[PDB]
file data-v3.cif (mmCIF, C-alpha atoms)
data_entry
loop_
_atom_site.label_atom_id
_atom_site.label_comp_id
_atom_site.auth_asym_id
_atom_site.auth_seq_id
_atom_site.Cartn_x
_atom_site.Cartn_y
_atom_site.Cartn_z
CA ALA A 1 0.00 0.00 0.00
CA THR A 2 1.07 3.53 -0.72
CA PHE A 3 0.92 6.35 1.82
CA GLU A 4 1.68 9.82 0.50
CA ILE A 5 2.80 11.93 3.45
CA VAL A 6 2.36 15.62 2.79
CA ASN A 7 3.59 18.47 4.97
CA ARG A 8 1.26 21.49 4.57
CA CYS A 9 2.61 23.10 7.76
CA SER A 10 4.64 26.29 7.49
CA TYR A 11 7.41 24.53 9.44
CA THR A 12 9.58 21.53 8.70
CA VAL A 13 8.48 18.22 10.14
CA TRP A 14 10.29 14.87 10.22
CA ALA A 15 7.76 12.26 9.27
CA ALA A 16 7.95 8.84 10.98
CA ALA A 17 6.41 5.49 10.15
CA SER A 18 6.66 2.35 12.35
CA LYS A 19 4.76 -0.71 13.50
CA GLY A 20 6.49 -0.60 16.92
CA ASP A 21 9.10 -3.29 16.41
CA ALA A 22 10.20 -2.23 12.95
CA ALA A 23 10.29 0.65 10.54
CA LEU A 24 7.74 1.00 7.77
CA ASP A 25 9.63 1.76 4.53
CA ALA A 26 12.65 3.95 5.54
CA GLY A 27 10.95 4.75 8.85
CA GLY A 28 11.47 8.49 8.67
CA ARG A 29 12.43 11.48 6.54
CA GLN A 30 12.61 15.26 6.65
CA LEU A 31 9.61 17.07 5.06
CA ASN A 32 10.12 20.78 4.46
CA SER A 33 6.96 22.92 4.13
CA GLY A 34 5.09 21.68 1.08
CA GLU A 35 7.11 18.51 0.48
CA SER A 36 5.52 15.08 -0.17
CA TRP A 37 7.08 11.69 0.62
CA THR A 38 5.48 8.48 -0.63
CA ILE A 39 6.09 5.32 1.33
CA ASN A 40 5.22 1.69 0.71
CA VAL A 41 3.73 -0.30 3.59
CA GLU A 42 3.56 -4.12 3.30
CA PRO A 43 0.06 -5.58 2.98
CA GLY A 44 -1.09 -7.14 6.27
CA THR A 45 0.72 -4.57 8.43
CA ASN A 46 -1.01 -4.60 11.77
CA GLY A 47 -0.68 -1.72 14.24
CA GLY A 48 1.15 0.71 12.01
CA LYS A 49 1.49 4.37 12.86
CA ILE A 50 2.55 7.56 11.09
CA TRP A 51 3.33 10.76 12.95
CA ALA A 52 5.18 14.06 12.65
CA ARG A 53 8.20 15.02 14.68
CA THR A 54 9.14 18.67 15.35
CA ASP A 55 12.30 20.61 16.10
CA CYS A 56 14.75 17.82 15.19
CA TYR A 57 18.51 17.75 14.81
CA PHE A 58 20.31 14.89 13.13
CA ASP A 59 23.98 14.26 12.50
CA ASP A 60 25.46 12.80 9.23
CA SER A 61 24.69 9.28 10.57
CA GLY A 62 21.01 9.91 11.23
CA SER A 63 21.32 10.13 15.00
CA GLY A 64 19.98 12.99 17.07
CA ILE A 65 16.97 14.42 18.91
CA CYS A 66 13.41 15.69 18.32
CA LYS A 67 11.30 17.77 20.67
CA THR A 68 8.15 15.86 19.85
CA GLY A 69 7.86 12.28 18.60
CA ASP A 70 11.47 11.32 19.06
CA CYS A 71 12.00 7.55 18.30
CA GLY A 72 15.19 6.69 20.10
CA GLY A 73 17.10 9.55 18.49
CA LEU A 74 16.96 8.06 15.00
CA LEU A 75 16.03 9.86 11.78
CA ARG A 76 14.78 6.51 10.41
CA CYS A 77 12.41 5.27 13.13
CA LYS A 78 12.25 1.59 14.09
CA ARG A 79 10.07 2.15 17.22
CA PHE A 80 7.13 4.42 18.27
CA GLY A 81 7.74 8.02 19.15
CA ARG A 82 7.90 9.91 22.44
CA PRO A 83 4.58 11.75 23.30
CA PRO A 84 3.09 14.21 22.54
CA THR A 85 2.31 12.76 19.10
CA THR A 86 -0.88 13.01 17.01
CA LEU A 87 -1.13 9.48 15.55
CA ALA A 88 -2.39 8.19 12.16
CA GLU A 89 -3.07 4.50 13.00
CA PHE A 90 -3.80 1.63 10.64
CA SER A 91 -4.09 -2.09 10.24
CA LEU A 92 -4.16 -3.36 6.65
CA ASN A 93 -5.66 -6.53 5.15
CA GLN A 94 -7.35 -7.68 8.34
CA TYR A 95 -9.81 -10.37 7.12
CA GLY A 96 -10.21 -8.50 3.86
CA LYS A 97 -10.54 -4.92 5.15
CA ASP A 98 -8.33 -2.03 6.21
CA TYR A 99 -8.93 -0.05 9.43
CA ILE A 100 -7.81 3.54 9.96
CA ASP A 101 -8.14 6.14 12.74
CA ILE A 102 -6.51 9.19 14.34
CA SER A 103 -5.62 9.05 18.05
CA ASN A 104 -4.88 11.63 20.66
CA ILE A 105 -4.24 8.90 23.31
CA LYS A 106 -0.49 9.79 23.17
CA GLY A 107 -1.24 13.52 23.00
CA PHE A 108 -1.12 16.01 20.13
CA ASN A 109 1.73 17.85 18.43
CA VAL A 110 0.70 18.58 14.80
CA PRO A 111 -2.74 18.69 13.18
CA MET A 112 -3.49 15.85 10.75
CA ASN A 113 -5.79 14.54 8.04
CA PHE A 114 -5.68 10.82 7.24
CA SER A 115 -7.69 9.96 4.14
CA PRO A 116 -7.91 7.19 1.50
CA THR A 117 -6.73 8.09 -2.03
CA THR A 118 -8.81 5.21 -3.38
CA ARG A 119 -12.58 4.52 -3.32
CA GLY A 120 -14.90 3.21 -0.69
CA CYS A 121 -14.55 4.98 2.67
CA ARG A 122 -14.12 8.37 4.29
CA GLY A 123 -11.13 10.12 5.84
CA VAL A 124 -10.60 11.29 9.43
CA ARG A 125 -9.22 14.54 10.64
CA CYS A 126 -7.89 16.22 13.80
CA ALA A 127 -7.08 19.76 12.72
CA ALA A 128 -8.17 21.99 15.63
CA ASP A 129 -5.69 24.15 17.53
CA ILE A 130 -5.15 21.67 20.37
CA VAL A 131 -1.71 23.01 21.25
CA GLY A 132 -3.00 26.62 21.54
CA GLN A 133 -5.99 25.63 23.62
CA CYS A 134 -4.19 22.93 25.70
CA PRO A 135 -5.05 22.80 29.44
CA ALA A 136 -2.24 24.28 31.48
CA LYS A 137 -1.40 20.99 33.24
CA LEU A 138 -1.10 19.15 29.90
CA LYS A 139 1.17 21.57 28.12
CA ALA A 140 4.49 19.92 27.25
CA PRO A 141 7.36 22.30 27.90
CA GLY A 142 9.24 20.71 25.02
CA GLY A 143 6.25 21.54 22.70
CA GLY A 144 2.71 20.06 22.16
CA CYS A 145 -0.18 18.92 24.39
CA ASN A 146 0.40 15.77 26.45
CA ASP A 147 -2.21 13.18 27.20
CA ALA A 148 -3.15 12.74 30.87
CA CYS A 149 -1.62 9.30 31.08
CA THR A 150 1.83 10.66 30.15
CA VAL A 151 1.54 13.48 32.75
CA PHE A 152 -0.07 11.69 35.75
CA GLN A 153 0.55 7.91 35.32
CA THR A 154 -2.71 6.74 36.90
CA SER A 155 -4.71 3.58 36.24
CA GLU A 156 -7.69 5.80 35.30
CA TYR A 157 -5.86 7.82 32.64
CA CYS A 158 -3.79 4.91 31.29
CA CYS A 159 -6.74 2.43 31.36
CA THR A 160 -4.42 -0.11 32.94
CA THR A 161 -7.11 -2.49 34.10
CA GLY A 162 -9.33 -2.00 31.08
CA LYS A 163 -12.12 -0.34 33.19
CA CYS A 164 -11.62 3.48 32.82
CA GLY A 165 -14.08 6.28 31.92
CA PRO A 166 -13.74 9.59 30.16
CA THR A 167 -12.09 12.34 32.15
CA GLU A 168 -11.90 16.14 32.17
CA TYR A 169 -8.66 15.81 30.16
CA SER A 170 -9.97 13.26 27.63
CA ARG A 171 -13.08 15.43 27.13
CA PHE A 172 -10.82 18.35 26.12
CA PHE A 173 -9.26 16.33 23.29
CA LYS A 174 -12.73 15.02 22.31
CA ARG A 175 -14.28 18.48 22.25
CA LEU A 176 -11.57 19.87 19.97
CA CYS A 177 -11.35 16.67 17.81
CA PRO A 178 -14.50 14.54 17.96
CA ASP A 179 -13.22 12.20 15.23
CA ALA A 180 -10.03 11.09 17.11
CA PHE A 181 -9.66 8.70 20.00
CA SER A 182 -9.40 10.67 23.26
CA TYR A 183 -8.82 7.83 25.73
CA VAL A 184 -8.29 4.06 25.45
CA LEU A 185 -11.98 3.10 25.77
CA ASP A 186 -13.40 5.93 23.77
CA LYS A 187 -16.36 5.12 21.51
CA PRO A 188 -14.45 4.08 18.35
CA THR A 189 -13.88 6.44 15.46
CA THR A 190 -12.19 3.78 13.34
CA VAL A 191 -13.11 3.76 9.64
CA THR A 192 -13.37 0.54 7.68
CA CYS A 193 -11.87 0.75 4.18
CA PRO A 194 -11.53 -1.77 1.40
CA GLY A 195 -8.55 -4.08 1.89
CA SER A 196 -5.51 -2.79 0.05
CA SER A 197 -6.64 0.85 -0.05
CA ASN A 198 -4.01 3.60 -0.47
CA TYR A 199 -3.81 6.74 1.68
CA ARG A 200 -2.58 10.24 2.18
CA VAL A 201 -1.49 11.70 5.54
CA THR A 202 -1.51 15.51 5.42
CA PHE A 203 0.07 17.52 8.25
CA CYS A 204 -1.60 20.91 8.81
CA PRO A 205 -4.49 20.21 6.43
CA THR A 206 -6.20 23.54 7.08
#

call {"tool": "encode", "arguments": {"input": "data-v3.cif", "output": "structure tokens"}}
result
Amino acid sequence: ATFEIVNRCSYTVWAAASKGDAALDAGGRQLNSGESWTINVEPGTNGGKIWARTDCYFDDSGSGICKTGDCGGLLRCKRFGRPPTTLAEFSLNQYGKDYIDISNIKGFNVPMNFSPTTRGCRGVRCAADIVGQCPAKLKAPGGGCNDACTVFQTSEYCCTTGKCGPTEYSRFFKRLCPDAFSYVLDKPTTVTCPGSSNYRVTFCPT
């Protein structure tokens, strides 16, 4: 499957793509404002994610640091990124269908649209100014809006036992972005697409 990753932000981002224990395609690349990077993701990839990283520095070897979304200091990510990260999440070719969503469970750094480029389903979007409107206690001093689990490390925020409810903090993310997951047990906003669909992830869609 193809994923065209498009940076519409006015700032550079370093795109990342991983399924947690491995890179997808090259795993990461710099995207200046306006640039597009097309990746190939193997059919059947389960639990893949794409995200933006901000304010990165990399040496000649591809080692360094990002202020949001850092994946072990690598340009080419092999693992998931450090919160806060808005997440485009997908599982492909799962009993004949693809499943896509956006999540704010690991916080928010960059606004996102995640849409099919092929027929048969709708896109999802989280494009509100979550960083600007972020509750004081959630603001990440390194940049972005943290989720409550990251900040407070409680069973209720992290849904550790599988029995958690919405919270004042999850309701903030849900109010700004109704079509993204706000907490682990949120009413799902996952979209079913035809198996083997192709996609575009656009940072800063509006």

call {"tool": "resolve_selection", "arguments": {"input": "data-v3.cif", "expression": "the PyMOL selection byres ((chain A and resi 6-14) around 8)", "output": "list in words"}}
result
residues 4, 5, 15, 16, 28, 29, 30, 31, 32, 33, 34, 35, 36, 37, 52, 53, 54, 55, 56, 75, 200, 201, 202, 203, 204 and 205 of chain A

call {"tool": "write_last_selection", "arguments": {"input": "data-v3.cif", "atoms": "C-alpha atoms", "output": "PDB file, in the frame of the given file"}}
result
ATOM      1  CA  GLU A   4       1.680   9.820   0.500  1.00  0.00           C
ATOM      2  CA  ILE A   5       2.800  11.930   3.450  1.00  0.00           C
ATOM      3  CA  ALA A  15       7.760  12.260   9.270  1.00  0.00           C
ATOM      4  CA  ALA A  16       7.950   8.840  10.980  1.00  0.00           C
ATOM      5  CA  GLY A  28      11.470   8.490   8.670  1.00  0.00           C
ATOM      6  CA  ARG A  29      12.430  11.480   6.540  1.00  0.00           C
ATOM      7  CA  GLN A  30      12.610  15.260   6.650  1.00  0.00           C
ATOM      8  CA  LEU A  31       9.610  17.070   5.060  1.00  0.00           C
ATOM      9  CA  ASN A  32      10.120  20.780   4.460  1.00  0.00           C
ATOM     10  CA  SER A  33       6.960  22.920   4.130  1.00  0.00           C
ATOM     11  CA  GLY A  34       5.090  21.680   1.080  1.00  0.00           C
ATOM     12  CA  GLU A  35       7.110  18.510   0.480  1.00  0.00           C
ATOM     13  CA  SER A  36       5.520  15.080  -0.170  1.00  0.00           C
ATOM     14  CA  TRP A  37       7.080  11.690   0.620  1.00  0.00           C
ATOM     15  CA  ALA A  52       5.180  14.060  12.650  1.00  0.00           C
ATOM     16  CA  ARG A  53       8.200  15.020  14.680  1.00  0.00           C
ATOM     17  CA  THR A  54       9.140  18.670  15.350  1.00  0.00           C
ATOM     18  CA  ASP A  55      12.300  20.610  16.100  1.00  0.00           C
ATOM     19  CA  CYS A  56      14.750  17.820  15.190  1.00  0.00           C
ATOM     20  CA  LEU A  75      16.030   9.860  11.780  1.00  0.00           C
ATOM     21  CA  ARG A 200      -2.580  10.240   2.180  1.00  0.00           C
ATOM     22  CA  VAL A 201      -1.490  11.700   5.540  1.00  0.00           C
ATOM     23  CA  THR A 202      -1.510  15.510   5.420  1.00  0.00           C
ATOM     24  CA  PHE A 203       0.070  17.520   8.250  1.00  0.00           C
ATOM     25  CA  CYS A 204      -1.600  20.910   8.810  1.00  0.00           C
ATOM     26  CA  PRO A 205      -4.490  20.210   6.430  1.00  0.00           C
TER      27      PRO A 205
END

call {"tool": "closest_atom_pairs", "arguments": {"input": "data-v3.cif", "of": "stretch 90-109 of chain A", "to": "stretch 64-74 of chain A", "cutoff": "12 Å", "atoms": "all atoms listed in the file", "output": "tab-separated table"}}
result
residue	atom	partner	partner_atom	distance
A:106	CA	A:69	CA	9.8
A:107	CA	A:68	CA	10.2
A:108	CA	A:68	CA	9.3
A:109	CA	A:68	CA	6.9

call {"tool": "write_last_selection", "arguments": {"input": "data-v3.cif", "atoms": "C-alpha atoms", "output": "PDB file, in the coordinates of the input"}}
result
ATOM      1  CA  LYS A 106      -0.490   9.790  23.170  1.00  0.00           C
ATOM      2  CA  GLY A 107      -1.240  13.520  23.000  1.00  0.00           C
ATOM      3  CA  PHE A 108      -1.120  16.010  20.130  1.00  0.00           C
ATOM      4  CA  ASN A 109       1.730  17.850  18.430  1.00  0.00           C
TER       5      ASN A 109
END

call {"tool": "atom_distance", "arguments": {"input": "data-v3.cif", "atom1": "atom CA of residue A:122", "atom2": "atom CA of residue A:39"}}
result
20.7 Å

call {"tool": "atom_distance", "arguments": {"input": "data-v3.cif", "atom1": "atom CA of residue A:112", "atom2": "atom CA of residue A:125"}}
result
5.9 Å

call {"tool": "residues_around", "arguments": {"input": "data-v3.cif", "residues": "stretch 161-173 of chain A", "least_positions_apart": "5", "cutoff": "7 Å", "atoms": "all atoms listed in the file", "output": "ChimeraX atom specification"}}
result
/A:104,148,155-156,182-183

call {"tool": "resolve_selection", "arguments": {"input": "data-v3.cif", "expression": "the PyMOL selection byres ((chain A and resi 79) around 9)", "output": "PyMOL selection string"}}
result
chain A and resi 17-23+27+71-72+77-78+80-81

call {"tool": "atom_distance", "arguments": {"input": "data-v3.cif", "atom1": "atom CA of residue A:38", "atom2": "atom CA of residue A:117"}}
result
12.3 Å
